[PDB]
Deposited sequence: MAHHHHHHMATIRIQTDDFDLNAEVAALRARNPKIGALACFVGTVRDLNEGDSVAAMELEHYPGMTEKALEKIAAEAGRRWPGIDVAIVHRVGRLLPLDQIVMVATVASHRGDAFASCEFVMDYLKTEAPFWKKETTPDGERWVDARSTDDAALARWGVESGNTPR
């Protein structure tokens, strides 16, 4: 369960190869990459706190789908349109568990991991909670 928050960009290929190297006997790999939509974003985490939340999310995915492995890399800092934001990769013996766990981790990440976005309000620059709400995902995964 390799989880990282960084400012540098990540290499999906390299992260996928390392996950496979840690899981020599299973071969179904699902991944997700989110990128700043071209519709600047300044993202900040809570050092230590946010990583622990991501570790808890990956651990819960492992409880629900025994035998998977999970990698998460999330960026922070000043991110431009088209920049990569986050990648989640999971591996399993079969594609069903790989897809489900990858989407579960993304849903839980987007709704619960502590991140903040900088926004300029009339008072001035503020940091606004970047967590999303997804009520259909919560019902899907059995939580209220």
Go through the deposited sequence from residue 1 and tell me which stretches lack C-alpha coordinates, in order. 1-9, 49-55, 161-166
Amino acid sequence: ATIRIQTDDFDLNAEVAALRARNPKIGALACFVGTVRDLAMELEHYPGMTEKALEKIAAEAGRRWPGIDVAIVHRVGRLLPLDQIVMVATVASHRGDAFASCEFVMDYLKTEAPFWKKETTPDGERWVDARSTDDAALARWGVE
From here on, numbers count along this sequence of modelled residues.
Higher-B stretch (mean Cα B-factor, as the entry records it), 7-15 or 124-132: 124-132
Averaging only over Cα atoms, indicate whether 62-70 or 108-116 has the higher B-factor in the PDB entry. 108-116
Per the deposited entry, the peak Cα B-factor within the set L80, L29, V33, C102 goes to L80
Highest Cα B-factor in the PDB entry belongs to which of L39, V86, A92, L54? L39
